[PDB]
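Letters A, B, ... mirror the listed sequences (proteins, then strands); counts begin at 1. These numbers come from the heavy atoms of this one structure, side chains and all, not from hydrogens, waters or symmetry mates.
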There are 2 protein chains.
Amino acid sequence: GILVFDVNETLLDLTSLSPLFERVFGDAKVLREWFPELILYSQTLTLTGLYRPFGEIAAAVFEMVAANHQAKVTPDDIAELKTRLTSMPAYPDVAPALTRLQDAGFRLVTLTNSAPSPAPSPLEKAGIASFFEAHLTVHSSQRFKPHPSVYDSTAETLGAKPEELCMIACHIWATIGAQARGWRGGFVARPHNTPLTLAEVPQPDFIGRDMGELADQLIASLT
Amino acid sequence: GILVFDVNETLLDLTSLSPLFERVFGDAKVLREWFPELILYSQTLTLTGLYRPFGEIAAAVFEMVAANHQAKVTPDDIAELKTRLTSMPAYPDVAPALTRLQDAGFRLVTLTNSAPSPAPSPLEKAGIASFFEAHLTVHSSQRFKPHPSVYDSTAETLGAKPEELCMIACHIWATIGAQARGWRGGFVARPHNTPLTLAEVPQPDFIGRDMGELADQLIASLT
């Protein structure tokens, strides 16, 4: 089994962006408006054959969401967004869980919507980069998750069969797309993410309330 | 030329859903979290070759958002969401603006993410149905906007070339996908919508703070 980990929110804590939304909007909760708008427009650009780097879509969506609230935004707010977005810390439950999955024989790789950047990366800064055999990104496909090309070109890079792979994400949109390409999908329940249940939409193969509980299950599934 | 109007939020008032979010979330602003989640999972199913009717995605997403906030939801909140979603009233600025455009020679059609329904339709109940030669829906394409199939198959049902058409929406993601198929796009700025300005993504051809102002500019563009 190769475990393929979404990075933003899944491994790294998105709520470390809170202070920025607190400041600009007077409300940290506006993070939960901005993030889905960001994912929405990433998927919009994809569906219409357009592409800009994830971080750029991110800053433009921050501008729009600020305009939507009639909140002032200056190019410094934007710079901080960029600092914070590329410096999210690992949830404390990650290193311990990844160690166990590594001790149990699983191969470990990352897959992110983020465009690579000159060192150090968010995973480097968070202290968890070293756990992973490869760090994949959509920048190479020039399409965002959940586009199928993203999952097939990941299986191809890794020289693996669909059934050997598992997509780990706290995003139900991130897994549905991988399962649709024959992968398994494991959902980790980060705050403000819960599985979407819609008829005819495959549930995640595994579900944990945290990275430790999800690892319990990927490891149990071995035996 | 043919003016093609998005229906939900563009012609009909999405904020008429506020009382439901007030009651359930203790905050009407949770509308601006749920809506982008809904558009997101609509684009997600599309990208991964899945399809369920819009109103079902809407209900599923409302469940999920309530679970995210740990707010209680029974199937009655759900029925009210179906009532409210299919009974949104027209903004007061619509009938007058549609009259001018009809008077000025434009053909007028609707295109919605929503599935064809029991009589009466939302546009029927809003009193504005009769302005339009055709009410088109993505249910027949089986793919959500901004998928290019939706805009090419609308061009065909109508028997028009891309440059004869203009997509009117308060959603910048809705106009982007139409301009990509060579249509024109006109943006009406309903509350909590402002255009996304991102490098290499074509801006709307027309912009209006309201439907009356957007009408001026379609009408001016004739002479």
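- Only the side chain of B:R52 comes within contact range of chain A, with heavy atoms under 4.5 Å apart.
- The CG atom of B:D27 sits 8.0 Å away from atom NZ of A:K29, with the distance rounded to the nearest 0.5 Å.
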Walk me through it: do A:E33 and B:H192 pass the test side chain to side chain contact (heavy atoms under 4.5 Å, CB included)?
CA-CA 11 Å; A:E33 163 169 358; B:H192 231 87; 2.6 Å; yes
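- Heavy atoms of B:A199 lying under 4.5 Å from chain A belong to its backbone as well as its side chain.
- For the options B:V201, B:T46, B:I172, B:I57, heavy-atom pairs under 4.5 Å to chain A are most numerous at B:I172.
- Within the model, atoms CD of A:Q70 and OG1 of B:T194 stand 10.0 Å from one another, a figure rounded to the nearest 0.5 Å.
- Taking a 6.0 Å sphere around CZ of A:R32, one finds it holds more than 12 heavy atoms contributed by other residues, nucleotides or ligands.
- The two atoms that bring A:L196 and B:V61 nearest to each other are CD1-CG2, 3.7 Å, heavy atoms only.
- The candidate from A:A174, A:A189, A:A67 with the greatest count of non-hydrogen atom pairs under 4.5 Å with chain B is A:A67.
- Atoms CG and CG, on A:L45 and B:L198 in that order, are 6.0 Å from each other to the nearest 0.5 Å.
- For the pair A:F144 and B:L47, the minimum side-chain heavy-atom distance is 4.5 Å or more.
- No more than 12 heavy-atom neighbours from other residues, nucleotides or ligands sit within 6.0 angstrom of CZ on A:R209.
- Taking all atoms of both residues into account, the shortest heavy-atom contact from B:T44 to A:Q43 is OG1-OE1, 2.7 Å.
- For chain A, the nearby part of B:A180 is the side chain; its heavy atoms alone come within less than 4.5 Å.
- Here the straight-line distance linking atom CD of B:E37 with atom CZ of A:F35 works out to 9.0 Å at 0.5 Å rounding.
- Contact of B:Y151 with chain A is not made at all, since no heavy-atom distance falls under 4.5 Å.
- Judged purely by distance below 3.5 Å, without hydrogens or angles, the side chains of A:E63 and B:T197 never pair a donor atom with an acceptor atom.
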